[PDB]
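Data first, discussion second: the structure below is written as structure tokens.
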Amino acid sequence: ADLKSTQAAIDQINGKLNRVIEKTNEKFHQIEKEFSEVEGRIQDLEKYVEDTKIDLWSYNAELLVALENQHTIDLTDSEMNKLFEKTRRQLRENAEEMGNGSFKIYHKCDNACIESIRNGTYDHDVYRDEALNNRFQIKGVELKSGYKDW
Amino acid sequence: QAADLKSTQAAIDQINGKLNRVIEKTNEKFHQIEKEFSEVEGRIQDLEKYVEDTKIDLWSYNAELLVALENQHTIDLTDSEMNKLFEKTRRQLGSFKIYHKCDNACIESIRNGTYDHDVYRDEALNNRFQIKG
Amino acid sequence: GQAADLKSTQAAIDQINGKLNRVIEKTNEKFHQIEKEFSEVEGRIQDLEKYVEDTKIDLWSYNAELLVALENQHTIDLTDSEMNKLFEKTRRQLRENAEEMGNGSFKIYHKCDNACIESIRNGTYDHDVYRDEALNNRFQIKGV
Numbered sequence: 381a382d383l384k385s386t387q388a389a390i391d392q393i394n395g396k397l398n399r400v401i402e403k404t405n406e407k408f409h410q411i412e413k414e415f416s417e418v419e420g421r422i423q424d425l426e427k428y429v430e431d432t433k434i435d436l437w438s439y440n441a442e443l444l445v446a447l448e449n450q451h452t453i454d455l456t457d458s459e460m461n462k463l464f465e466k467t468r469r470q471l472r473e474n475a476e477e478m479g480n481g482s483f484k485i486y487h488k489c490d491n492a493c494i495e496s497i498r499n500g501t502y503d504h505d506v507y508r509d510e511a512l513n514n515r516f517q518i519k520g521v522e523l524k525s526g527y528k529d530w
Numbered sequence: 379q380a381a382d383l384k385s386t387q388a389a390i391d392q393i394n395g396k397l398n399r400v401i402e403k404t405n406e407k408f409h410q411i412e413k414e415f416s417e418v419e420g421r422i423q424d425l426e427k428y429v430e431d432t433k434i435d436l437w438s439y440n441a442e443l444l445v446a447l448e449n450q451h452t453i454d455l456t457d458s459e460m461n462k463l464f465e466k467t468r469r470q471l481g482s483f484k485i486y487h488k489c490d491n492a493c494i495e496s497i498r499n500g501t502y503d504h505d506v507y508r509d510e511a512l513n514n515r516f517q518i519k520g
Numbered sequence: 378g379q380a381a382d383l384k385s386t387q388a389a390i391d392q393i394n395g396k397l398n399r400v401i402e403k404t405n406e407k408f409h410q411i412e413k414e415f416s417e418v419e420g421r422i423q424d425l426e427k428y429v430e431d432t433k434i435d436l437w438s439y440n441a442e443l444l445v446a447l448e449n450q451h452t453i454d455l456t457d458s459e460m461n462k463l464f465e466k467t468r469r470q471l472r473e474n475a476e477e478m479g480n481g482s483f484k485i486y487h488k489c490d491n492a493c494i495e496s497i498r499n500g501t502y503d504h505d506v507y508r509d510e511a512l513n514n515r516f517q518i519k520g521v
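Protein chains in written order, with the UniProt record's numbering: chain A, 381 to 530; chain B, 379 to 471, 481 to 520; chain C, 378 to 521.
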């Protein structure tokens, strides 16, 4: 094997290898970034769902109180107390009880979280396919020993 | 010294061969990953729409019960306490029917939708080629 | 001009093969890590969807119960057209999402068990960060 041609078929292969190395290093970091975004969106959405749930339950508690205050219902009646306890159990889960029973609500999904859920997008990289490497020849030279025909 | 051509060509060809299998398998895998990502992102977008529809319909119901009670003169939505409840519903919001952002297909997908989850076929390590010389 | 030295060539070839095999093993491994993370993300979205369904039916069940209490209390008459639409909206949900135990009685079954709930609040994804492979340097086969 000729040295010149041999180190050419070696530099060619190596250059192709180095492109594949550089591109995969790159693509993997993109893929990692995309995952963090998707995962971030899911955590934001989970927060939004919790916030949504708590506000609906807080509302249920507030309606029973408004109706009681105006004497339309009496929360001491058995069936009404049961509904009230249902709301308190769900609120106890969140909020607090600041003694006076009142439940102070705290959102977990801030305005950035809300915006991310509403209009956030994702960095979606598309890999630029790599061209396969052409087959090589490699030139060969004659050993100086033995008969060389005319 | 002096490496035999024939043999050296075989080593180079074994090497280039495996390399091309790697360029090919990774070329494809990355497009599969890109696809699975798009599906995952579509599922999240569809779930967000479902969450919104679920929330809005419950708030629509709250507004509707308030108006029904007022209508039969049980409550007055302008009274301070009642108006606070009424304002919460307005703030969150067919008279009390909001069209769904998550359609039948959207609902089908978030509940039963499957994924194009490609499992990579491990490429074997390339054996050492012993060049004759 | 000159012939390629055997020992140098074998060297240059093993050197390339060594780097390529590192790439093969590392991509093999990374792709499995990527697949595992996809499954986790997908499972989490599925668990969140289930938690939303449970949240939904519990709120609708509450709506239905208040209507019954108000009716029993005679605050509302379910015969009126508007009150009947409210009742239909709550019954509607129970019928689709709960088991009819007879005579308008329903048993609510949750799709998101403990763990599903923990997973949702717990978070955590096996997020692998690839260790960059170094470019391979030029090997000069004895000569030139």
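Yeah, the Cβ is synthetic: ideal placement off N, Cα and C, and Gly gets one too.
>> Against chain A, with Cβ distances strictly below 7 angstroms, would C:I518 count as a contact?
In response: Locating residue 518 of chain C in the third sequence gives position 141, where the first residue counts as 1. Closer than 7 angstroms to some Cβ of chain A, the Cβ of C:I518 qualifies, so yes.
> What are the residues of the region 500 to 515 of chain A that lie near chain B, defined by any Cβ-Cβ distance shorter than 7 angstroms?
Replying inline: Listed by position along the chain: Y502, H504, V506, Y507, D509, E510, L512, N513 and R515.
> Is the CB of B:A381 under 7 angstroms away from at least one CB in chain A?
Replying inline: Your numbering for residue 381 of chain B matches position 3 in the second sequence. By this cut-off, B:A381 is an interface position.
> Whose C-beta lies closer than 7 angstroms to the C-beta of B:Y502 among residues of the same chain, with five residues either side of it excluded?
Replying inline: As a first step, residue 502 of chain B must be located in the second sequence, where it is residue number 115. Result list for B:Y502: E414 and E417, in chain order.
> Which chain B residues sit within Cβ distance under 7 angstroms of C:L425?
Replying inline: Start at 1 with the first residue of the third sequence, and residue 425 of chain C comes out as number 48. Per Cβ cutoff of 7 angstroms: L425.
> How is C:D382 classed by DSSP in three states: helix, strand or coil?
Replying inline: The sequence position of residue 382 of chain C within the third sequence is 5, counting from 1. Residue state, collapsed to three classes: coil.
>> Measuring only the C-alpha atoms, how far is A:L444 from A:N480?
In response: Numbered from its first residue, the first sequence carries residue 444 of chain A at position 64. Numbered from its first residue, the first sequence carries residue 480 of chain A at position 100. Cα to Cα, A:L444 sits roughly 16 angstroms from A:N480.
> From which residue to which residue does the beta strand (DSSP E) around C:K484 run?
Replying inline: Mapped onto the third sequence, residue 484 of chain C falls at position 107. Unbroken beta strand (DSSP E) run through C:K484: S482 to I485.
> Using a threshold of 6 angstroms, is the CB atom of C:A381 nearer than that to any non-hydrogen atom of the ligand SAM?
Replying inline: As presented, the structure is devoid of all ligands, the ligand SAM included, so that no description of it is given.
> Residues in its own chain within less than 8 angstroms of C:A475 by CB, not counting five upstream and five downstream?
Replying inline: Here residue 475 of chain C refers to the residue found at position 98 of the third sequence. Excluding residues within five positions, the ones whose Cβ falls inside 8 angstroms are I434, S438, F483, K484, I485 and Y486.
> Over what stretch of residues does the beta strand (DSSP E) that includes A:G500 continue unbroken?
Replying inline: For the purposes of this step, residue 500 of chain A is taken as residue 120 along the first sequence, with counting starting at 1. No beta strand (DSSP E) holds A:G500; DSSP gives it neither H nor E.
>> When you compare the CB positions of B:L512 and C:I390, do they come within less than 7 angstroms of one another, or not?
In response: Within the second sequence, residue 512 of chain B is the residue found at index 125, counting from 1. Within the third sequence, residue 390 of chain C is the residue found at index 13, counting from 1. No, these two residues do not count as a Cβ contact at 7 angstroms.
>> As a quick exercise: from A:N440, A:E473 and A:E477, pick the residue whose alpha carbon is nearest that of A:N461.
In response: Here residue 461 of chain A is taken as the residue at index 81 of the first sequence, counted from 1. For the residues A:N440, A:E473 and A:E477, the minimum Cα distance to A:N461 belongs to A:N440.
> CB-CB under 8 angstroms to A:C493, same chain, minus the five flanking residues each way: which ones, in chain order?
Replying inline: By 1-based counting over the first sequence, the position of residue 493 of chain A is 113. Excluding sequence neighbours, A:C493 sits near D424, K427 and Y428.
> Roughly how far, in whole angstroms, is the beta-carbon of C:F408 from the beta-carbon of B:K407, given that I think they are within contact range, below 8 angstroms?
Replying inline: Taking the third sequence and counting its residues from 1, the one referred to as residue 408 of chain C is at position 31. Taking the second sequence and counting its residues from 1, the one referred to as residue 407 of chain B is at position 29. Confirmed, about 6 angstroms.
>> Please state whether the Cβ-Cβ distance between C:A380 and B:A388 is less than 7 angstroms.
In response: What you label residue 380 of chain C is simply residue 3 of the third sequence in a count that begins at 1. What you label residue 388 of chain B is simply residue 10 of the second sequence in a count that begins at 1. Cβ atoms of C:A380 and B:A388: not closer than 7 angstroms.
> What does a CB cutoff of less than 6 angstroms around A:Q470 pick up in its chain, not counting 5 residues either side in sequence?
Replying inline: Locating residue 470 of chain A in the first sequence gives position 90, where the first residue counts as 1. Only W437 meet the Cβ criterion.
>> Nearest by alpha-carbon distance to residue 561 of chain A: which of B:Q392, B:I393, B:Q410 and B:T432 is it?
In response: Lying before the first or after the last residue shown, residue 561 of chain A is absent from chain A, which here runs from 381 to 530.
> DSSP on A:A475, reduced to helix/strand/coil?
Replying inline: Residue numbering aside, residue 475 of chain A sits at position 95 when the first sequence is read from its first letter. Coil, per DSSP.
>> I'd like the list of long-range same chain contacts for B:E465, defined as Cβ closer than 7 angstroms, with 5 residues on each side in sequence excluded.
In response: As a working note, residue 465 of chain B is residue 87 in the second sequence. Hits under 7 angstroms: none found.
> What separation, rounded to the nearest whole angstrom, lies between the Cα atoms of B:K384 and A:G520?
Replying inline: The residue you call residue 384 of chain B lines up with position 6 of the second sequence. The residue you call residue 520 of chain A lines up with position 140 of the first sequence. Taking the straight line from one Cα to the other gives about 8 angstroms.
>> Let's see if you can read the secondary structure: which residues bound the alpha helix (DSSP H) around A:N440?
In response: Taking the first residue of the first sequence as position 1, residue 440 of chain A is located at position 60. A388 to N449 is the extent of the alpha helix (DSSP H) around A:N440.
>> Check this for me: beta carbons of B:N405 and A:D509, under 7 angstroms apart or not?
In response: Mapped onto the second sequence, residue 405 of chain B falls at position 27. Mapped onto the first sequence, residue 509 of chain A falls at position 129. Contact check for B:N405 against A:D509 passes: the beta carbons are separated by less than 7 angstroms.
> Which bits of chain B does residue 350 of chain C rub up against, with CB to CB less than 8 angstroms?
Replying inline: Residue 350 of chain C lies beyond the stretch modelled for chain C, which goes from 378 to 521, so this question has no answer here.
> Taking the alpha helix (DSSP H) that B:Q470 falls in, what are its first and last residues?
Replying inline: As a working note, residue 470 of chain B is residue 92 in the second sequence. Here the alpha helix (DSSP H) through B:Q470 covers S458 to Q470.
>> Against chain A, with Cβ distances strictly below 7 angstroms, would C:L436 count as a contact?
In response: For the purposes of this step, residue 436 of chain C is taken as residue 59 along the third sequence, with counting starting at 1. So, interface residue.
> Which of the three DSSP states, helix, strand or coil, is assigned to A:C489?
Replying inline: For this step, residue 489 of chain A is matched to residue 109 along the first sequence. Three-state result, A:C489: coil.
> Do we get a CB-CB distance below 7 angstroms when we pair B:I494 with the residues of chain C?
Replying inline: Numbered from 1 along the second sequence, position 107 holds the residue referred to as residue 494 of chain B. By this cut-off, B:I494 is not an interface position.
> From this set, B:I518, B:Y507 and B:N514, which residue's C-alpha is nearest B:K403's C-alpha?
Replying inline: As a first step, residue 403 of chain B is located in the second sequence; it is residue number 25 there, counting from the start. Nearest of B:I518, B:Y507 and B:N514 to B:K403, Cα basis: B:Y507.
> Applying a beta-carbon distance threshold of less than 8 angstroms, which residues of chain A neighbour B:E412?
Replying inline: Position 34 of the second sequence, counted from the first residue, corresponds to residue 412 of chain B. Here the neighbours are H504, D505, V506 and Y507.
> How long is the line joining the alpha carbons of C:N449 and C:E442, rounded to whole angstroms?
Replying inline: Working through the third sequence from its first residue, we reach residue 449 of chain C at position 72. Working through the third sequence from its first residue, we reach residue 442 of chain C at position 65. Between C:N449 and C:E442, the C-alpha separation is close to 11 angstroms.
> Would A:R421 be called buried (16 or more neighbouring beta carbons within 10 Å of its own) or exposed?
Replying inline: Working through the first sequence from its first residue, we reach residue 421 of chain A at position 41. Taking all protein chains in view, the Cβ of A:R421 is crowded by 16 or more other Cβ atoms within 10 Å, so the residue is classified as buried.
>> I'd like to know whether the C-beta of A:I453 is nearer than 7 angstroms to at least one C-beta of chain B.
In response: Translated into positions along the first sequence, residue 453 of chain A becomes position 73. Chain B, which has no Cβ nearer than 7 angstroms to the Cβ of A:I453, makes this no.
> Beta carbon of B:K488, beta carbon of B:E430: below 7 angstroms?
Replying inline: As a first step, residue 488 of chain B must be located in the second sequence, where it is residue number 101. As a first step, residue 430 of chain B must be located in the second sequence, where it is residue number 52. The answer is yes: Cβ separation under 7 angstroms.
> In whole angstroms, what is the alpha-carbon distance linking C:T432 and C:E473?
Replying inline: If you number the third sequence from 1, residue 432 of chain C lands on position 55. If you number the third sequence from 1, residue 473 of chain C lands on position 96. So the alpha carbons of these two residues sit roughly 15 angstroms apart.
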